[PDB]
Structure formats: C-alpha cells, structure tokens
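>>> what's the 3D shape of this:
(9 chains)
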Amino acid sequence: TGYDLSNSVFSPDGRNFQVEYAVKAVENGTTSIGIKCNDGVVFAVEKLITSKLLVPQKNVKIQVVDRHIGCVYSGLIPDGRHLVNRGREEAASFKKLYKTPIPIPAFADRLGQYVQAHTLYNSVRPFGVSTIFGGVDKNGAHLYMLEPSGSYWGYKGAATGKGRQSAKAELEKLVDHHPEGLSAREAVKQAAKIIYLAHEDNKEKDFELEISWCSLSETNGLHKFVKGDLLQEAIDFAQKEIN
Amino acid sequence: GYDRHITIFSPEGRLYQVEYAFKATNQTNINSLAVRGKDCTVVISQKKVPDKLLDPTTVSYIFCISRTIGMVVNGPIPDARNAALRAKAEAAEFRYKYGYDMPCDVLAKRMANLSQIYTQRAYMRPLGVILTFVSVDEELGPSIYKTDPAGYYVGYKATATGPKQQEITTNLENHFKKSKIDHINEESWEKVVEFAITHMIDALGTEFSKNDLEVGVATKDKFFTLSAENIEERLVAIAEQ
Amino acid sequence: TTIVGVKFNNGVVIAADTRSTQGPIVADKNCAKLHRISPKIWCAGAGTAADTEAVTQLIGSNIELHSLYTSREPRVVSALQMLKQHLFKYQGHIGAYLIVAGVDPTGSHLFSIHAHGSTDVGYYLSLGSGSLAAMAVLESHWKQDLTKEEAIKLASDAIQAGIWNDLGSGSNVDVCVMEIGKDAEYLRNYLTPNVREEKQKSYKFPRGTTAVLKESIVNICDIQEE
Amino acid sequence: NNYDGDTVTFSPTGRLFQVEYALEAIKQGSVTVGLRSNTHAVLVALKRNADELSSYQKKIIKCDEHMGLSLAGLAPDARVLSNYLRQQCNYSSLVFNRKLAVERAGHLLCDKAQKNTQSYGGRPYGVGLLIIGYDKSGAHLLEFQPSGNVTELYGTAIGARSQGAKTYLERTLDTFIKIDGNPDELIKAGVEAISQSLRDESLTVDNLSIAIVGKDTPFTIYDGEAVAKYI
Amino acid sequence: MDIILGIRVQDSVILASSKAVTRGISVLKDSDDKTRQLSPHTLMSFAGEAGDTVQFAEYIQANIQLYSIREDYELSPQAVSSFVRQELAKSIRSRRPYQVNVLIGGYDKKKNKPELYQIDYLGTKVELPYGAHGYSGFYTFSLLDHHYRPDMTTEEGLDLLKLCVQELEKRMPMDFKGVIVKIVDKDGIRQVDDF
Amino acid sequence: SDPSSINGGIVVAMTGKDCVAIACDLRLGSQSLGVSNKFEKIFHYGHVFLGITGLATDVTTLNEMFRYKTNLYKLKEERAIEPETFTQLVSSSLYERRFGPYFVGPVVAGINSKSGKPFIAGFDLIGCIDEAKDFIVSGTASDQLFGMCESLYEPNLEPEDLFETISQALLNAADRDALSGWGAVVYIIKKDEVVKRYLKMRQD
Amino acid sequence: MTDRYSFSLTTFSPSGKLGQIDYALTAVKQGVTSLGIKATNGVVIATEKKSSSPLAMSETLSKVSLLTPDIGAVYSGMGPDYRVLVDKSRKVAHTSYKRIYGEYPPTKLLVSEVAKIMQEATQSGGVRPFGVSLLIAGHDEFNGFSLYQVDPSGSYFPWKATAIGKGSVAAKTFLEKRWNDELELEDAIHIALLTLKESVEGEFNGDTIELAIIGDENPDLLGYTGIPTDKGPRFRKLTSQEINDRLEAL
Amino acid sequence: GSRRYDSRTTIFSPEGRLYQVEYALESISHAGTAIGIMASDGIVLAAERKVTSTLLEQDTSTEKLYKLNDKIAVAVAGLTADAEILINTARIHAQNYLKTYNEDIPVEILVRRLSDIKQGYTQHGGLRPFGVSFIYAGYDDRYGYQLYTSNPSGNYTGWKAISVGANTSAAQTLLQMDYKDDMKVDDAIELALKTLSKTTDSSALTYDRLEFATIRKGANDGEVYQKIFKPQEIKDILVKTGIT
Amino acid sequence: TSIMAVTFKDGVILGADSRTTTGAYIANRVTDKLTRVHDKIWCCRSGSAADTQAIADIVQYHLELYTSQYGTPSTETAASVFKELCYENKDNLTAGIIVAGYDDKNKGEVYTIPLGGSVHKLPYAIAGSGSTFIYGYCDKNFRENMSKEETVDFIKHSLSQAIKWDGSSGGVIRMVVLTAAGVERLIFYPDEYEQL
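Residues are numbered from 1 along each chain as shown, chains lettered A, B, ... in the order given. Below you will find the coordinate block:
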C-alpha cells in the first residue's frame, strides 16, 4: 500500500486509512454515554483513578458549551479540549449575530465542518476523539455523537470508548421497555447503573462517577452537575444492582 | 511512482487518485432514482437506519439547497455535508449579485468547476460524492443534472446511482423506448411518485416499508419532502392496483 | 440633457436628445446618449459624461460574460442589480444617473437609478436637466393601453418640450423601441426639428494669405533598403 | 520506525510516536518532587550541574507573586512556556484586576500544547512542569505533561528514578496533607520524599532548591546558604 | 528666494548660484555652495524648499554614480535630465511633494556640444539658451535678450554675466551676497575664483 | 490656482476632403513669465497624431505614457494602431486615474488606413469622447476657437485650402488670448505623406 | 498547516524531456477525434458528441464554445479541464484586452493569452499541466480567416487543416489528399463530414455530430438592427436540422 | 506532510554541479538549430524550423525569430512556450528603459537582465528553470554590432558567430573554418545557409524550412533597419546562392 | 415619509405613504415602501433611500442563508440583523427601519430601530418625517386587540392626517396585512380618504 503514510490519500478500497486508525484511538479511551430523556438529556463519564494522589472530584471531564450544551468525549483529552474550546467561539458568535441561543441541530453542523476540514488537507492530523453532545432548545431534546470521519447523527442513546459494546446493548434494553419515554429523574438512576456494568472490562482500577444533565422541567433549560443527595442516591442504586 | 498518492498524470495518462474516488462513493448500499414528470421532478431514495438507537428522522440524504433546487447525494455522509454547505452558500450568493433565483443549470456548472480545482491542485483530495440536483427550472422546465468527482456533468432524462444501478438503468431504457417521450407523461405528480416506486420494486426485487424510503418532489414554486404518512398513502395506492 | 422612458402594452421605448455640452459651450451637436448594455437592455445617461460611458462598459463586460456562462438571455434585473452595487461602493462620488430600460423573457421593465444607489420603478420616468419640462408632457397624455405607435409619438413629444424650454437640451431626437420577442429598433435621428440655415455670404480665402517660415516633411514609415 | 517522521501521522494502532518520544525527554532530566497541604505548597528540587567548575542550573522559575513552576528536561522549552504564562498573569491582573486562578492556567497550557503538535512543522514540547500556586479557592499542585494533559494531584514527582519518591508519597498521603499551619514540617516531609529517588549525589547546601508559597507567603525561592535549615 | 542663473555659451555651460542661506531672521551662513557635481561633465544646481534641496540632490547623485560604475559609461547630459524629470513627476502625486527647481548644465562629449536644461518643481523639462527660476528670470530675461549671441566665447559670456548680477544688486530687495560661478566644458569643471 | 491655466496653449483640428489637419501654438508659460517657445504639443505614433494641452508636466508624462503602450502594441500585432482603436485607448488610460486626474485635454487626428475615412476625436479631463465630423478644439481659449471655427468652416476643403482655414482660426484666437502665441505649427495629414509648416505670427 | 506546495511537480528528467507534459499528450491521444479545415471564406470545426447513455442528453453538454462573437473553439481530451479554460479565456479577452482597447482581440492575439495560461499551469507550484489540446478558429480583419492549434505544453501553431484525437493519423492523411487552396465554404464542409465518417463507428447523424463554422457575417443575430457600423457575429453554430441536410446531399 | 514529494531541485550534487541546469542543456540540443554570423555592417539570423508538413501554414508562422524593440531581435532554441514568457518581460523592460532615459536601451543591459531572471530561477523557489537559450542580435551606438548567448545557467558571453540547438559541435567546426573578419552581410548570408545545408537532418534544404533575418546598417539615413524576410524573399535568396 | 405598523388580534398590519421627495420636486410619486425581506417578516424603509435599500439587500441575503441552515427565523432574529448593520456603520448610513413580522406561535410583533441602532419591541411604531404630526392622535386612539376591520380604519385615519399636514408625504396609501392566512395587499386612493 503506502496509502496510510499520509492523510487524505485514497486507497483502492476507498478506505481512508488515516481516519481508520483514528477510530482505534477512540476505542482506547475511557467510557462515556448519553441518555436522551423524555424532556432532557443525561451525561455520564467513567474517570479512571490512576493513583491515590489524584484529588477527588477536581479533574471533571465533562465540559459545558455556552449555557445549555453538555459535551463529553473519549479518546485523547487534549484533542477534545481543543474541539470544545473551538465550539465555544462558534456558539458565542452565533448569539452575537442573531441574539438567540444557538439551536442544537445547528451547533452540530458547525463542529462537523471543523472536524471534516481535517481530512481534506494532508498536513493536519485527524481528530482522535468521539464527542457525545446535546442539550435542550426550542424544539426539545437532542443527542448527537460525532466520529473522526465527520459523521454524526441523532441518537436515542449513544456510547463510545472501550466499553461501548457492553453499553450499546444495555442502552437498547431501556429503549424497548419505555417507548413512553424514560423520564428525567429515572434516567439519573439508570445512567449510573449502565456505567457500573460497562466498567467490568476496566475492573482493574477503581473509578469515579460523574453525572450531569440538562432538563426542561428540572433546571429550566440550563446545564448543571448532578451532585450531593441526588448523585449519592444514584451511586447507591448502582451498587445494589451489581451485588 | 508517486502518482497513486497525489493528482499528477500517471505514466499512462490516467489520474489514479480520481479513478479511486469513484469506487469510494458506491459503498453505502443506497440506491437513488430521479425521473421527470410533466410539471415536477420526483426523486426517491432508499433510507437504511442500521441500529434501532439511531433516530429515524435525522438520517437523511435529501438536502434543500435553496427554495427550488433539492440535491440528493450518494456517498459517505461527511463529504455530502461538505458539498451541501458550500452549495447553499452559492445559491444565496447568486440571488445577491444578480437578483433572481439560481437556475439549476448554473448551480450544477458552479460545483463542477469547484470539483475541477481539487483535481488540479496537489493539496486537496477530490470529494467522494456524486451530486444529483433536481428542480423545476423557470425556463427549461423539469431538470436533472448529475455531477461527478472528476468534474464531469451532463443532463439527464432520468438517472440512478448506487451499487445496483445496472438494474434500474436498463429498466428505464425499456420504458422510454416504449413510450417514445423523454419524460413520464402522467399529469398529476402523485401518479409520478407511484411510477417511480414501482420501477424500484421491480429493479431491486424487494418491496418497501415506509421507513425505507425518503421522497422528494420539486414542483414550480417549492421543493418539499414527503412525510411518513404521505409515503404510506402512495404505498397503499400502489398495492390497490 | 433630457431623457424619457415610456412603457406601453407591447414593449418600452426610450428617447433622448442629441446635444452634449461642456459648460456654456456646445461641444457636440449629434453625440448620441443611447448606449447598449446588451442587445435588449438599453440605457441612457445624464450627469457627468465620463461616468455614464465608463460605467456602462464596466457592466457591459460583466453582463456579457454572465450571459455566456448561464447560456441565457441576460435579464434586465441583472444589470439593474449589478449597477446598483458598483455605484454604492464609491459613496456617490460617481455622478451617474441612468434610465435602464429593456426586455427579456420575464417581460418589459424600466428603472431609474440615482448617483447614490436609490432606484425607482415606474411606468414613465424622466431624468436629466430638462427632465422637468418632459415630466409635465407625460403626466398629461399618458394612459394605459398605448399602442406601439402612440407611445413613440408621446416619447418624442416630451423630448421636444425639453428642447424648446430648456437651454442644455437641443439638437435632434433619438428613439429606441424594444418590443417583446423582436429585435430592438434603433431610430437614430428620428426627428429633425431645426436645420442650420445657409450662411448669408460664403467665406473662403485666397491662397497665400498665410505667412510661412519653413516647410519640412515628417517621416511616418519604416525606412527602406537603398 | 516509519510513522515517527512527523506528528501529522497516527500509527496503525493509534499511538503518536512523536508524542511518546517527547515524554522520554523528561526521564533524562533530574528528579523534582512537589507536595502540598491546604495552607502551603512546596517544591523540593534537585539542581544538577556539569563538571566541578560548573555551577548548578536553576530548576525553579518564579512566575508571579502567587505562582511558580519547576522544570524537568529541556531548559529552552521551559523558558518558552513560562514566558507565555507570565504574559497571562499580567493580562489577567490588568484587565480584570484578578489573581489568575491556577485551575485556569492549567487549561491554557493544555490548549497551547495541542495546537503545537497538530501543526505540520511544529514540534512537541519536551518538558514537564509542577505548577504550584495559591489563589482564591486555596492551594493547588498541577502536573503538566507534553501530551497536553493537566492533572491536579496532592503530590507527585517527575524525572529520573521518580518512582522511588512517587511511592513514598502515596504511603504518607494522610500525614503530610494534615500538616496545616506549619510551613517548616511540610518542607521536611518533602526533603525525605526526594531522598528515596536519590541514588548517589548526597544532598549539599548548593545542591538543593526549595520553593514555598501559601496563604501568608508570597512566592519565595531558597537557594545557597538558605537551605541549611532543611538538611 | 535665492538666485540661480544659467547661460550656455558656444562651448561651455556657466552656472551661477548665490552664497547666502537664510534660516531664521538672521542670515546664518553665507559661503555655502548650492550645487552638486553629478559626474565629471554634468553639474546640477538646485534651489527651493529648506532641507528638501540637500536630500533631493544627494539622492540623484547616488543613482547617476551607481550607473557609471555599472556600465563604465558616463550617461549623456540629455539622459540625466530626463531622469531628474522622472523623479520630480513621481513626487507630486506622493503624500508629500518635493519643491525643488533644478538647472542641469552639462557638456556632452558625444557630440561636442554643451546643453542646458531647466526642470521646475511641477516637473517640466525644456531645453533653453539661458534660464532661471524664482524672481531672477524677472530681472535678467530682458537683459539676456538684448546682449546674448550664440557665437560668444567664455570670456565674453562672463562679462555679460557680470552685468546680470549687477542688475540684481540694484532692484532685488534681498541680500544674496554675490555668487559662486562654475563653468562646465570639455576640459572638466572649474571654479571662477573672482566675482 | 487653475491647474490648466498655469501653462495654457490651444489645439485645433479639422477634417477636409480626404485629409485632416492638426495645429497649435508653441508657447510655454509659468503664468505671467514666458519661459520657452520651442515647446511642441503635437506628437505622432505611427500615422496617428495626438495633441495634448494643459498642465505642462502632464503633457510630458502623458506623451511618454502613450509611446510605451503603442510600441508594445506594434510588436504584438505587427501594424501601427488605427485611429479608431487608439481613441478607446486614450479614454481608458485617463479614466484609470479617475480620482486626481491628469489635467489635460487630448485631441486625436489621423486617417484610418483600411477605409480611407479621415477621423478626429476630442477629450476632457476625466475622459469622455467628443466625436465630431467638423472640427475639435481644446485649450484655454477653447471658447474663442469654437466661435471662430464655426464661421469659417465649409465642409470638404482640398488639402491646400484646408491649410488656409485652420491658419486663420488659430492665428486670430492666439492674439485675442493672454496665454498663446510665439509661433504655431500646423500639420497636414494625407495618406501618402505629412507636411509640417511653421507659421510667422506676431510676438506680442 | 504550513502548506509547502511551492516546488513544481514537473521537473526536467535526465533524458531531456519534461515528464508530466509527455504524459499529458497520451491522454490527448485518447480523447475523441476533432478536426478543422480552413477555406477561402471560412473555417469549420466539428466533433462527435459521445453520449455515454441513452438517458444522458448530450444536447445540454457542449464541446464547441463561443469565446468572443468571432472566435470559436473545440477540443480533445479531458472534459473538465476544457470547461475551466474556456472560462479563463472568455474572462481574459474582456478584462485585459477589450476594456482597454474597445475591441475584441484579433484571433492570433487571444491564442497568445491562452498559451500563457498553459505555461503558468506547468511552471508554477503545486499544479499539473492541462489534459487538453484546443483548436481555435477565428476571424479578424487584417489577417483574414485563421486556424490555430494549442498544446498542453503552451506551444501553438497555425494550421491549414488538422486533426487531433484517436483517429488523428488516419484523418490527417485523408485531409492532405482532399485539401487544396480553392476550397469554398460549401466544399470544405463536405470534406469535413467524409473525414469524420471514417473515425466514427456508431451513430452518425445530426443529433450526435456537432458542427460549427466561422464564416460570412450575420446581421440576423445582431439583435439590434438599425445601425450600419455594426456587423454582428461571424460565428454561427449549425443546428441539428441543418446537419442532416448535408447528409441527404452526401 | 508534503516533505516527501519535494524534488529539492536547487541543491548541488556531490560534484558541485546543478542537476537541473545540466539537464535543461541536454533538452535544448533537441530544438532546431539556430545560427548567428556577425559581419562588419549587420547581422544574420538563420534558424531551421522544426515541425513541417504540406498541411502546416508557414507564411504567417513565427516560431523562432522574435522582435524585441526597434533595434534588437532574438532567436529561440528550446521550449517555445517557456521562451514566450521571457520574451514578454524583455519587451516590457526595454520600453521601461525608454520611458526613464529617452534612449534606446543598450544591448548590454537588455541581455544582463534576462540572465539575472534565469539565474534567479535556479537560486531559490524550487521551480524547474526555463529550457531556453537566446541569441541576442542587437545594435546600439556604443559598440556597434553585438552578439550574445545565454544558457539556463544564466552565464552569457559575446560571439562573432555561434550556434545553439542540434549539432553545435558540427556547426561550430564549420563556422571556425570559414569565418573571416572583413566579411560583409552578403558573404555571411552565404555562409549561414552553407552551414545549414550540411548540418540539416533534411534530405535537402528548402525555403519552407527556414526562418531568416537580417539587421543592416543599410537603409536610409543612419538609422538601422530590421528585416524579417518574407517566406517569398527566402526562395529568392536560396536560388541566388545556388543551393537549389 | 410617514410609516407605521400596528399589531392586533390576528397579526400585524403595516401602513405607509408613497411620495418620495428630493427637495421640493417630487421625483417618484408611487414608491413602494413596504418591502418583503422574508415570507412573513416584512419591513418599512424611511430615511435616506440609498442607505435603507443597501441595508435591506444585505438583510435579505443573510436571512435567505439563515433559513437553509437553521430553519425559519423568528421575527426577533431578523430585527437583530438590521440592528447589526445600522450600529456598526452608524457613522455614514442613516436608516430608520420598522420590522414587523408574524409567526404562528407569537402572532404579531413590531420592532423599531431608530437612527442610532437600538431595537425596541413595541405594540405600535411610527417613523418618518411626517410622524411627528400624529403622535397625539395615535396615542389616544390605540387599543390592544382590535378587529381587523377596526384596525385598518385606525391606520387609515392616522396616515390621512400625516399626509394632510406634512408636505413630504402624499399619494396612495399601501397596507400589507400579515396573518396566518398569508399576505394580502390593500390600496387606498386619495379620494377614499381625503373625502373622509
């Protein structure tokens, strides 16, 4: 071959080998999921504890964009933190030019075009993350997942990272049992349970759970971190299911 | 031999990087059709949601480029999003410089020239998509213009794109040697949606649910896509007959 | 300077006077003001003579290009919209005042366009220095459903009123009739109002009146073999 | 290999050799160890010198009146990232009249390292930093990696044979974090912590470098004869 | 302002320029030459705005001399005039103009003919049998019309030139404190020591 | 100051029967003081004649400007440029500097070779084409020539009669003007040859 | 980013050939045949419109183009590379020669500007030479009718008649026998149809052959009749109906 | 990124030679021969056309002899497309010199500028140099008649007669044999064709395969007359010398 | 120029004159002032005709783009575009624009942008050189939630006065009705309102 040495060189198969290697950098990262609630969205992330030296609950790997979009990524934390940082400028210049918070289906295209640009030219690396973002706007809830191709779609539920084979199946159970809609309070309990089960591949090192959610009825359309009594009530539901 | 890694004339005269781009397109196993009516253009396209988690409505391949040029794309979906964003910008820019609505001809010829620039410069890969613009022009009536990753474009009485195109192509050839016109005659545009679907069922050998099609109709004054109920209405009217 | 445009049922006619002046001196007694953007879009210019001649050519080029690139008759609304953009980018220093009339598939049109960029649609516009004398004549006899004949007679009458009542106007009347689906008819020097009467007594000098010092021959050729 | 030419290339498994090589450059450098409680933060640093006549190289950079870092590895690259933090600490103090929070300084470095390994014709930075500082929300200690990752820790080491001191600090975690109000004892816990990594080169009074910043203490550096108290 | 006179006799050009320089209400210095030798057979005198003169004289003198080194061929005095006219024409459209008037006196060794040129600050070149700028052309042009002949020798022209300055001494309302005279001819460039 | 009356001058051009004539005065002033009488306003490229009046320095710049463009033209197409074309070229070159114009008023005269039709054209500062079948005038006394020429002119003069008319037109207007005089030059252009005559006129 | 595509892709090879340009000419020999004949009172240029499917309409597609009102073109080789050249040429006739002289360029001058676009495509950095050869017919008043061929190296020559494409060898030898200097416009057209019938295997009728002349003047396309100083196009493209008429009179 | 595809054309080879320069010369020995013979009162330029057919238009043609201004012509050997860019900056530079001094540019200066432009293309920029060699045949008042050649190196030198293109060894051997310094334009005409009959690849030399040009002091006044012979005058000069 | 826009129960109605004066002479006496900048978001121009037309072109271009990427613009949005050009270039362009628009969610809405560049949501608005003369008449007579038949008569009375007192207005009055049903143009000749 040799069609892999550099980026954006087609092979005879059509594959773009550099982008295919990028998907392997995502599969190495930690696990994250998103549930599309009946009226909002819930985000959950597995933050591996590498040492006892790490301070607890100060390395939060869930980032907010504007004041109604939660982003959480797996893969290489730097690549993502630069994708998010750039997303914040696109959203702030939308609210500057039309004076209305940016719709979530629009914010999805602007991030895609910026990723996608990094497989046209042959002198910048593809991005090594998969991002699961969304939130609430005038239409309601949206959940998106973004790959290093530039391919994104809507999802009832999404999952990426090492433990994604486990979680796609578990998510699917919760969409067959509730066509009515898994309600926002119920989904914080279920999120923690899914992360605790998908953590059985990584059961070498202890981990820390962090949930956040954006919900129309609960926080009035803002983005907040589930915390205190409500995060503790979920962690207890999750320990009860695995034992 | 660096001629299979950038676009320079091979020792043979070919552009291997471009010949490769065509085989990258046909890979989604989506089969697209576009036939002309008397006063409309119908395009029907297969939709294939793979897993029950993906939301059905957000998956799509028909884009609304302006108010009268819809564009159905065949290829990988990031390149389509790239080709779509750029086409929308030109249909706006046109109306701003010249004060009328970009005819279909003109848009298809603009993308063609934009495609060429990428096979001439050494620092961009060609796009991996086949674009099919459909409209009811103001001057020339119903139109279809299909464009390629070489730069080539040409007019069409009816077209089909995808892996299994050979079945549909030869089915359309048979119908226009029978009727001896260039366009499906039937007057209303619902009869032409019926006609499109019936030739898809025959060609591919398989019937359709309402979740497997996404349909787009161009009449003068608007381009629109049909909802899952308006598709269900056509499907039941074909089963009656 | 006086320019009228009169629409009518089947097309549009645009008529002008032929007198061009530079100050209180009459520079030219025939220089036509009717220019040709493209074969069915005519226009005429008042104001600075070098702005209307140059800015019709800078739009002529771009509209002929655009015409081959779409493969289409180039619409009137195209030139109107492209002229407007050029004149606004110079903040109205370019003192060009045009009546742009013409036909295309969509139908007849007729616009006026002011130095800054404001445009007007109308059924009969006049522009120029003696444009006021013309405007009156129109407001009197214009009705709907003018035939091709009446409109020409109307338009040329308005230009006449400018000639008898304005100083800057003079000389001859030019017309140009554009109908729908036919070639524009340019009627150069449609009406002679006044001819120069013959000189009372011819003036012509004998030869050898002029006093001369030298004579030489100027070379205007490539030197040749000997 | 083949893929280690540029940093534009992912390898066939996903790794970025040019970024793992830059990591190597920190294992050549000298050990330095950083720990902190709730009241004060401390850097103990092994200064390295060349032959006898050489003087020791400064491993501790003062960034502001409330923030500084130590380097381990390429001394030219440290002076390029500390120059960039200096401008940021002024840019905050002039425009918002606001002592720059340590949590933010970390995320700015994160973003600057990322743009520098994506560009064709850049080079990864080959240096590690322990950034200590005292702001409105208390004391912090950051570890900066050339990958980009900024991690907040109670203690950590980086350099050669760091593993000895990294272990020592996770056993003693409960004791040196409760040393609140006594700057003198937190320095003594850190001197011990660096003696696990030392194999040869006993401490000297010209060999050791200590920085301490805290609630009641602007950022100060002890060199030379000022570290006779802590050996 | 300041007087510059140029008279072209049968075999030389004579250039005569005033000593005096008036900065402030004082006459500051009154010996300062107002002329730069361009090349061994072309002399250029100049007068005009303060300080602009020196800058626009050394500038020209640098390009002419970069051209003599490059080809080893002294540019004709016909050329050198059209090169000074080229610069002055560019300066009038620039942000700030150069108000400098020049008389270029030169002996063309190609045809064994002397030539005098006048370029004023707008940038108009004209070949002249004698010229001036400022208000000097107002007192002398009417005296040179009467006495000048084309067949005069250098000894005769200097006696005409002694008369021209004596005309300026009576009617001018400004000190200039006599002139320095320089002759350009086939033998080179010499300075007439006396008045 | 008037950017045109610093130097003055007048140019007049006439058609006849298969011939043209272009003529002018030779003065060059700096307002009151007269400087030179050798200054010519009329230049020729190929067989086309161009008179240029106005600010003296832009006469010299615009003569060396047009000699440049036509030399390049003559090397590509391999024939002198025709008068009909050359008139578009003058116009486009001027308008190119619309803002801060060259202060001039060029006049073209020549005979088009292919057809034999004599041809004259006029201009103003910015650059509009004055097309005439009679005579073109230009300069500071352009008011006086317009009235002078119109009385004398008879369409169709033979080359040696045309030479009398355009003399009386130019001589009278110069001695009724305070910026013209000191001789005059008159070119008579016919297809075969060009004949240049210097005039003896008054030195007041 | 630091795009480093400044170095040209074409380099001189150790054998004294310009590698990329040689290959370009292979792809020009694979294009479809086209030919032009220059007569006493016109030129004709013609080609076969290859219709890739029966669904396709090669009416909307064109292989003959208007450049000015008196200069047509036809081509051999890559479709795209042709279309973008015709648009540079239409533009550069206007911006750089029509505004600033008031006249459409003479034929041999436009070709010089088109030969300058080829040159820049093979000299400058990061580009590959064009994959086409043009024939450029045209008329201007001082040189008469003229026909020109342009290459993808940049060189142009004036031809009395010529062919390029697949059957160029068999076409050029059939033109030398049938050509002479007396040819009128009518006879040269009939020699053009015979020569194309050799090299075309498939359909050969008016719907599939494109044929266009630079010939006598037209005052019917003028479009603004009533002005003697204009004369209107000299280029006129023969329609589908006209072409079947010269096949009855074969 | 694009580090791989660089040809790095401009670096020396281990021997001290520029590769791209050595090749361009080899390329130039394929172009048709051009010959210049300078005599006391003029210059001859004769070049052998390349490409010929009974179907090629020849009369209007011009492929190797270009005029620069009034008193200077060149002959091209090499890529005719490449050269056409170097001929256009020569003209521009000439008239720009006439615009600034009011003199016809000296032959030495118009040569020195086209060599700097050639040199500057091997110095930097990574572009392949032009494949052209010129015979500058020109006349000024300073030195009279001059000949110059330049090569894709840039280096240029003056000659009393010189050849570029094919068989420069064979053509230069004949020219040294027959040249003399009292020559006149009509003897040199005869020698230039006599060299081209012997080096020709043709089976026979013929008028339709020649481009011929003289620059003679001859012609009225002192002015110099440049004359690119018509195709018809060459048939006459070719019977006059009796080669046909 | 004398324009106004008035919300009511079923949507919004815009009213305008049609005289355009340059000095004392009337240049064009039938000038459409009510211009479409999307399918249900109209606007009215007043001030320097050259300057408003420029701002309306660039708005009509921004919004056509915005519809093909993000879906239907609200009326709020179209207001903020107008605002952004007026305020960045306030040094030269002298534009006073009322933007009236109708959604199906929020029925009628009116924004006014005076010469500075300052959006203001109002239940009616007035602008132009003849507005001053009807400030009193409008304030007493306005009532929220009029009937479509009652509003038309309330705008017809106002502008009848704004024509009678100001010399810079006159001619035919146009009205554009924005409702759920669509767009309906109305016209009132001078003999239908001067008799009143």
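>>> Please count neighbours and contacts with C-alpha atoms only from this point.
Will do.
>>> got a list of what the nearest residue to residue H:42 once chain neighbours are set aside touches?
Once flanking residues are discounted, residue H:42 sits nearest to residue H:216: 4.4 Å by CA to CA, 6 or more residues apart in numbering or on different chains. Residues in contact with residue H:216, defined by CA atoms under 8 Å, 6 or more residues apart in numbering or on different chains, are H:41, H:42, H:43, H:185, H:224, H:225, H:226.
>>> Out of these, list just those in strands.
H:42, H:43, H:225, H:226 (DSSP state E).
>>> got these as CSV, with neighbour count columns?
Shown next, in CSV, are the ones in strands among the contacts of residue H:216 (neighbours: other CA atoms under 10 Å in any protein chain shown):
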residue, neighbour count
H:42, 25
H:43, 28
H:225, 20
H:226, 25
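>>> Contact partners for the residue of chain G found nearest chain E?
Residue nearest to chain E within chain G (CA to the nearest CA): residue G:100, separated by 23.5 Å. Listed by CA under 8 Å, 6+ apart, the contact partners of residue G:100 are F:88, F:89, F:92, F:93.
>>> Could you do residue H:192 as well?
Residues counted as contacts of residue H:192 (CA under 8 Å, 6+ apart) are H:35, H:36, H:37, H:44, H:46.
>>> again with residue E:118
E:101, E:102, E:103, E:104, E:124, E:125, E:126, E:127, E:128, E:131, E:132.
>>> Now it: closest residue in space that isn't a chain neighbour?
Distances taken as CA to CA, 6+ apart put residue E:103 closest to residue E:118, at 4.8 Å, once the chain neighbours are dropped.
>>> any idea whether the one you found is helix, strand or coil?
Taking DSSP: H, G, I helix; E, B strand; the rest coil as the rule, one finds residue E:103 in the strand state.
>>> ok, it - how many residues close by?
Neighbour count of residue E:103, defined by other CA atoms under 10 Å in any protein chain shown: 26.
>>> Any idea what residue C:13 is bridged to?
residue C:6, residue C:177 (DSSP bridges).
>>> Next up, the contacts around it.
Residue C:13 neighbours (CA under 8 Å, 6+ apart): C:5, C:6, C:7, C:101, C:151, C:152, C:155, C:175, C:176, C:177, C:178.
>>> okay but the second one is in contact with residue C:12, surely?
Right, the one you point to is residue C:6. Yes - using CA atoms under 8 Å, residue C:6 is in contact with residue C:12, at 6.0 Å.
>>> Just want the residue of chain F that's nearest chain A.
residue F:99 (36.5 Å).
>>> I'd like to know how far that residue sits from residue F:106.
For residue F:99, the distance to residue F:106 equals 18 Å [CA to CA, to the nearest Å].
>>> Those two: which is more packed in?
Using other CA under 10 Å, the more surrounded residue of residue F:99 and residue F:106 is residue F:106, with 29 against 9.
>>> these two touch, right, the more buried one and residue F:50?
Yes - between residue F:106 and residue F:50 there is a contact at 6.7 Å, judged by CA under 8 Å.
>>> residue contacts, the closest residue in space to residue E:61 that isn't next to it in sequence?
Counting by CA to CA, 6+ apart, residue E:61 lies nearest to residue E:38, which is 5.3 Å off, once chain neighbours are set aside. Residue E:38 is in contact with E:44, E:61, E:64, E:65, counting by CA under 8 Å, 6+ apart.
>>> quick one: secondary structure of the last one?
Okay, so that is residue E:65. Using three-state DSSP, the structure places residue E:65 in helix.
>>> Is it in contact with residue E:40, as I believe?
No - counting by CA under 8 Å, residue E:65 sits too far from residue E:40 to count as a contact (10.5 Å).
>>> quick revisit: just the closest of the contacts of residue E:118 to residue B:180, please.
Checking the contacts of residue E:118 against residue B:180 with CA to CA, the nearest one is residue E:124 at 80.9 Å.
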